Structure formats: structure tokens, C-alpha cells
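So the chains spell out like this:
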Amino acid sequence: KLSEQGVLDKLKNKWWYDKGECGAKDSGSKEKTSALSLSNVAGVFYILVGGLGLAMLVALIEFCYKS
Amino acid sequence: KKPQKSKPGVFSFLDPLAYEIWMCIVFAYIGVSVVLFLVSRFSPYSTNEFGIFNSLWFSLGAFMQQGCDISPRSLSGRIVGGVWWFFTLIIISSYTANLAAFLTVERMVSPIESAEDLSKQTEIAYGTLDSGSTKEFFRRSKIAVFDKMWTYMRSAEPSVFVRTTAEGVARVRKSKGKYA
Amino acid sequence: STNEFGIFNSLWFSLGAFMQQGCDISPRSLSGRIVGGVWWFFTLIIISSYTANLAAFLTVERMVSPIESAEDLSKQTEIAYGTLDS
Amino acid sequence: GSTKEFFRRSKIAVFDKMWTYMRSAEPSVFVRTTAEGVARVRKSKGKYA
Ligand SMILES: N[C@@H](Cn1oc(=O)[nH]c1=O)C(=O)O
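- In the PDB header, cryo-EM is given as the technique by which the entry was determined, and 4.2 Å as its resolution.

Structure below.
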């Protein structure tokens with residue numbers, strides 16, 4: 001009797017809608033973008049300092065082909 | 001509260017990167033010049049001009065993308081000249097994106113003005129003068145955007161209703177824009 | 001004995017440094033290169049600043065309101081008002 | 001069918017807006033058979049749901 005006239009459906013509209021929502025209200029304007037972390041650009045340093053060592057190994061193998 | 005802009009610091013231009021990045025940039029700029037210094041100043045080396053005054057200056061010109069005076073004429077010198085170039089390609093380009101990322105977000109920041117925005121913005125709390133004509137106007141409300149407020153204003157914690165208007169202006173002034 | 005920095009070359013080193021261009025002239029002193037160093041770091045920020053903001057104009061549009069709330073109607077004397085007779 | 005009647009006696013406002021629209025859209029968004037109901041998706045190439 002309550003379902004054919006939608007009293008129960010309105011109670012479904014009652015209890016799950018009155019508790020406060022978590023929808024687009026915090027996806028809308030509760031974001032500001034951060035600065036870049038080091039970890040976003042960390043792998044460039046590993047290629048850099050790894051390139052620093054790989055330059056040092058070829059400088060030592062020139063010492064063989066110079067001698 | 002009328003949102004006057006907060007003035008940034010004078011050191012706010014470097015805000016797209018973290019200041020932990022910038023210190024690691026300088027430590028990298030020091031080490032790359034010294035590694036090239038040891039490569040250049042080798043014991044049989046002819047005509048290798050890259051001293052500690054040049055290799056400090058060559059890496060600076062490579063980092064700022066403004067060219068250089070001379071390039072390293074040695075294979076191990078071209079390696080460190082190579083990886084520093086791919087270093088300074090990314091760090092400059094990553095700075096351009098996050099500085100664009102700050103400004104694209106900042107123009108999407110819209111002020112709540114049409115009172116539908118006020119009906120949706122739970123971050124800014126809103127209240128009325130109780131025992132007047134405003135509070136009764138939302139009591140017998142027949143518009144759903146008004147209905148949401150009277151759903152909220154009865155249910156907000158603590159009391160958003162303010163007894164006098166002078167304190168009603170004061171809860172705007174105290175919250176600095178957190179309250180309506 | 002070669003002071004290639006004239007008053008007419010100091011403009012030209014500084015200009016292509018502002019226009020991201022490679023210059024043939026380089027400072028050869030510690031008192032000289034500190035000038036060219038911080039001028040390089042200056043233009044690195046500014047061109048990135050110009051690129052960033054112009055994206056933000058084109059990404060987010062914001063069409064301005066010419067007239068508002070009848071105080072702007074009194075000061076504006078370009079528009080013509082309209083009313084209905086009878 | 002049973003879909004059109006489910007929006008007829010609708011008690012949810014997001015469902016209510018559809019039954020406000022589906023009765024009022026021009027031309028007939030209701031389709032007699034499902035094969036033509038798939039066809040108005042295929043013809044519109046994403047303009048129709
Ligand atoms: N003067 C008003 C009272 N009032 O002032 C406000 O600013 N809101 C409000 O309800 C009244 O006659 O009821």
C-alpha cells in the first residue's frame with residue numbers, strides 16, 4: 001500500500017538524501033593544484049647522475065686507448 | 001566578505017616547483033660542472049679550455065638554454081653535455097606546465113554569486129537574522145533552491161542564525177569569507 | 001685588449017637573451033658573467049609567465065558584463081535605453 | 001514494455017526529469033521495436049541514447 005503510492009520511495013528519498021552529500025560539491029571547488037614534488041621529476045636526476053658516472057667510465061677507457 | 005586578493009611573497013615565482021626541487025637543482029649544477037672538469041682536465045687531456053671557470057659557466061649557459069661559447073670536443077665531455085641537456089629540457093618544460101597549471105585552476109575559481117551557487121557551496125556556511133522576515137521567508141518556501149537552504153539552515157551546526165545584525169556582520173568579518 | 005662590449009653591443013647581448021636567442025658575445029669576467037647570469041634567469045621566468053597566462057585565457061573564457069546594477073547605466077553614455085509607451 | 005511504465009510511476013526526481021522529457025521530446029523518442037531502437041543509436045552515431 002505504501003509502495004503503490006510511493007510513501008516508501010519518498011522515505012527512500014528521505015533518509016539517504018538528508019544525511020549530507022559527498023558528490024560534486026567537493027569535486028567542484030575543493031581542489032587547488034599542488035607544486036611539483038621531487039618524485040614527479042626524480043627520474044631525470046637518475047639519468048643525470050647516471051650520465052655523470054657513464055661519462056667517467058668512457059674517460060677512463062680513453063686512458064687505455066691513449067696509452 | 002569582499003575577497004581582496006592576498007599579496008604573494010616576493011619568492012612566490014618559484015611556487016610551481018617545490019623548494020626541495022630547487023635545492024636539488026643547485027646540487028646537480030655543482031656536480032655536473034665538476035664531473036666535466038675532471039673529464040676535461042685529464043692528464044694527457046690538446047687545447048682543452050674547460051677549466052673550473054669555464055665548466056661552471058658552460059653548464060649555466062646550457063641550463064638557461066641560451067647557448068654557450070664552446071662545446072666539449074671530447075666523447076666523455078659530450079656525454080655529460082648530453083645528459084645535462086636532457087636534464088634542463090625537462091626541468092624548464094615541467095616548470096612551464098605547473099605554472100600554467102596554477103593559472104588555469106585560478107581562473108576556474110568562480111565567486112559564488114547567484115544563490116544557486118550558495119545553495120551548493122557547503123564550504124561557506126550561511127545564516128540569517130533570526131526572528132525577522134528573512135527566516136520566515138525561507139520557512140514557507142516554495143522554490144527548491146530556497147528549500148535546500150531551509151533544509152540546511154535548520155540543520156547546520158552550530159546555529160547559523162544570528163540574534164543581531166551587528167553580530168551578523170561580525171561572523172562575516174571573523175570568518176574572512178568562510179561565512180555568508 | 002679586446003673590449004667587444006660597446007654601448008651598442010650591450011643592447012644586442014641583452015636583447016637576444018630576452019628573445020631566447022643564442023648570442024655570439026659572451027662575458028669573460030666574473031664581474032661580467034653575474035650580469036649575464038641573472039639576466040638569463042630573468043627571461044626564463046618571464047617567457048614562461050607569458051606562455052602560462054595566455055593558456056589560461058584561452059582555456060578558461062570569461063565574458064565581461066558591460067552594464068550592471070544601474071550605477072553603470074548612469075556612467076555609460078554609449079548605450080541607448082528602451083522603454084514601452086502606453 | 002516495462003521500461004516506459006517504470007518511468008511513468010516514477011518517484012525519483014532524476015527519473016522524473018526523464019519522464020518529463022520523454023513525453024515532451026520531439027519527435028517520438030519511443031521506438032516500437034528494439035531492432036529499430038538499436039538502429040537509432042547506430043544512425044545518430046552517439047547523438048541518441
Ligand atoms: N526589518 C526586518 C527584519 N530583518 O532585517 C533583515 O536584514 N532581515 C530581516 O528579517 C523586519 O521587519 O522583519
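1. Here we look at the layout of surface pockets
Okay, so step 1: Considered as a void within the structure, the largest pocket measures approximately 2,400 Å³ in volume.
Okay, so step 2: As for the largest pocket, its lining consists of 48 residues, and the residues nearest its centre are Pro3(B), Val105(B), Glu106(B), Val109(B) and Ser110(B).
Okay, so step 3: For the lining of the largest pocket, the secondary-structure elements that each account for two or more residues are α2 (25-28) of chain A, α3 (75-108) and α4 (117-120) of chain B together with α2 (30-59) of chain C.
Okay, so step 4: Broken down by element, the lining of the largest pocket gets its largest block of residues, eight residues, from α3(B).
Okay, so step 5: Tallied by class, residues from the lining of the largest pocket come to 18 nonpolar, twelve polar and 18 charged.
Okay, so step 6: When its volume is computed, the second largest pocket comes out at roughly 780 Å³.
Okay, so step 7: Lining the second largest pocket are 21 residues; nearest its centre among them are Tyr17(A), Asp18(A), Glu21(A), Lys148(B) and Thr151(B).

2. A look at the nonpolar core
Okay, so step 1: Grouped together as the largest cluster of nonpolar side chains are 40 residues, with contacts concentrated most on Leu48(A), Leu17(B), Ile21(B), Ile25(B), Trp84(B), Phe87(B) and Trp40(C).
Okay, so step 2: Those elements that place two or more of their residues in this core are α3 (42-66) of chain A, α1 (19-40), α2 (52-63) and α3 of chain B together with α1 (10-18) and α2 of chain C.
Okay, so step 3: Among the elements that line this core, the one with the most residues is α3(B), at nine residues.
Okay, so step 4: If you look at the next biggest cluster of nonpolar residues, it comprises twelve residues, including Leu118(B), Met149(B), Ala156(B) and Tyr179(B).

3. Comments concerning the interface of chain C and chain B
Okay, so step 1: On the chain B side, the residues contacting the 26 residues of chain C number 20 residues.
Okay, so step 2: Across the interface of chain C and chain B, roughly 2,200 Å² is buried in total on both sides, 69% from carbon and sulfur atoms.
Okay, so step 3: Taken together, the connections running from chain C to chain B amount to zero salt bridges.
Okay, so step 4: Between chain C and chain B we count five residue pairs in polar contact in total.
Okay, so step 5: Elements that contribute at least two residues to the side of chain C that touches chain B include exactly α1 and α2 of chain C.

4. A closer look at the packing of aromatic side chains
Okay, so step 1: This model, assessed by the stated rule, comprises 21 aromatic pairs over all chains.
Okay, so step 2: Relative to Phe7(D), the ring of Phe6(D) has its centre 5.9 Å away and its plane inclined at 70°; by these criteria the two rings are edge-to-face.
Okay, so step 3: Its relative accessible area of 14% is what places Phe7(D) among the buried residues.
Okay, so step 4: Put simply, the rings of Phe45(A), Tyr29(B), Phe63(B), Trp84(B) and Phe87(B) pair up and form one aromatic cluster.
Okay, so step 5: Lying over the aromatic face of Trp15(A), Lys14(A) brings its terminal NZ or CZ to 3.5 Å of the ring centre.

5. Brief notes about the site of the ligand
Residues and elements named next belong to chain B.
Okay, so step 1: In the vicinity of the ligand, the residues found are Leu129, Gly132, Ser133 and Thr134.
Okay, so step 2: Note that an oxygen atom of the ligand is positioned 2.8 Å from one of the backbone N or O atoms of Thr134.
Okay, so step 3: For the ligand, the protein covers 42% of the area, taking 340 Å² as the surface of the free molecule.
Okay, so step 4: Here the shell around the ligand is built from residues that sort into one nonpolar, three polar and no charged.

Rules of the game
Residues numbered from 1 in each chain as written, not as in the entry; some residues may be left out. Chains lettered and ligands numbered in written order. Part of a larger assembly, values for the part shown. Heavy atoms only, no water. 1 Å grid on protein atoms, 1.4 Å probe; cavity = no way out; pocket = protein on both sides within 12 Å on 5 of 7 lines; lining within 4 Å. Points joined across faces, edges and corners; volume = space filled by probe spheres on them. Helix = DSSP H or I, 4+ residues; strand = E, 2+ residues; numbered from the N terminus. Nonpolar A, V, L, I, M, F, W, Y, C, P; charged D, E, K, R; others polar. Core = buried A, V, L, I, M, F, W, Y, C linked by side-chain atoms within 4.5 Å. Buried < 20%, exposed > 50% of the residue type's maximum accessible area, 1.4 Å probe, protein only. Contact = heavy atoms within 4.5 Å. Buried area = accessible area lost by both parts, 1.4 Å probe. Salt bridge = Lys/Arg side-chain N within 4 Å of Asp/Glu carboxyl O. Polar contact = N/O pair within 3.5 Å; in protein donor to acceptor, adjacent residues only side chain to side chain. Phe/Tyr/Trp six-rings, centres within 6.5 Å; stacked < 30°, edge-to-face > 60°. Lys NZ or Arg CZ within 6 Å of the ring centre and 35° of its normal. Near = heavy atom within 4 Å. Areas by Shrake-Rupley, 256 points an atom, 1.4 Å probe, with all protein chains shown as cover.

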